[PDB]
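This report refers to the structure that appears directly beneath it.
Number of protein chains: 2
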Amino acid sequence: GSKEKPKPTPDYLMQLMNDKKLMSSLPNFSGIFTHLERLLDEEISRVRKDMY
Amino acid sequence: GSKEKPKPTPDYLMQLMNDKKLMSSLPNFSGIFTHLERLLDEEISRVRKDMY
C-alpha cells in the first residue's frame, strides 16, 4: 500500500476547474508537466461522474 | 461519457516520476495548481500497483 486515496467532492471539482484553466493559460505548462494535464481530464471527468 | 481513459504503462510512470520532481522543484507550483500534486500521488501510486 502507498497513501490513502481521499474521496472526490464538489470542492475537489471546483478547484479542478480552476486548475485546468490555470494550466491552459500557461504555454509553459505543456512543457513542464507531461501527465498532469490528462490527469485533470480523467479526474475532472470521473469526479463529475461519481458526483452524488 | 466524457473522454476515453487510456491505460497506465511504465512509460506513463517514468514520465510521472519526472513530473512529480519538476513540480517539487517549483515553489510556485504549489500555488498555481491545487489538485495536480495529489493526482500524481494517486496516479503514480495506482500505476505502480496496476503494474503488470
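Line order of the protein sequences matches chains A and B.
So the first sequence is residues 733 to 784, counted in this note's numbering.
So the second sequence is residues 733 to 784, counted in this note's numbering.
Beta carbons: idealized from backbone N, C-alpha and C, even for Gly.
Nearest to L758(B) by alpha-carbon distance, out of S756(A), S757(A), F761(A), is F761(A).
At a cut-off of 9 Å between C-beta atoms, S756(B) does not count as an interface residue with respect to chain A. Between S734(A) and chain B, the shortest Cβ-Cβ separation is below 9 Å. Per DSSP, the unbroken alpha helix (DSSP H) holding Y744(B) starts and ends at 742 to 756. The three-state reading of DSSP puts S734(B) in coil, since its state is none of H, G, I, E or B.
Secondary structure of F761(A) (DSSP, three-state): helix.
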